[PDB]
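Residue numbers (the working numbering): 3 to 117.
Report on the following structure.
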């Protein structure tokens, strides 16, 4: 509360460390469904169903331009990518399996880097 603070966690490396995680996600062999925005002119149903589209290139641009206020807002956009994928794609599909694999990969890196 006023003039009463928990000890200050060092957050000075968070920007660099989120960039490294994102690089590792970008270079994973199962990243291909997530590298670019979904083409809303060419994929029937996507625009109406998926209220907040997100993809790795859009996260990368937001990161590079100071649009993430903290490391939790960064994790929310990465999770958004996988939640959108589960909403639109059957589990037993190449893209459905890709999203489960990437979410697992991301969550381990996140725990090992920050928790």
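Using N, Cα and C, we set each Cβ at its ideal position, and we do this for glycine too.
- Scanning its chain for C-beta atoms nearer than 7 Å, with the 5 sequence neighbours on each side dropped, one finds around residue 38 the residues 57 and 59, in chain order.
- In this structure, residue 20 lies near residue 73, with their beta-carbon atoms less than 8 Å apart.
- In the DSSP annotation of this structure, residue 47 is not part of any alpha helix (DSSP H), being labelled neither H nor E.
- For residue 109, the secondary structure class from DSSP, reduced to helix, strand or coil, is helix.
- Per the coordinates, the alpha-carbon of residue 48 lies some 45 Å from the alpha-carbon of residue 9.
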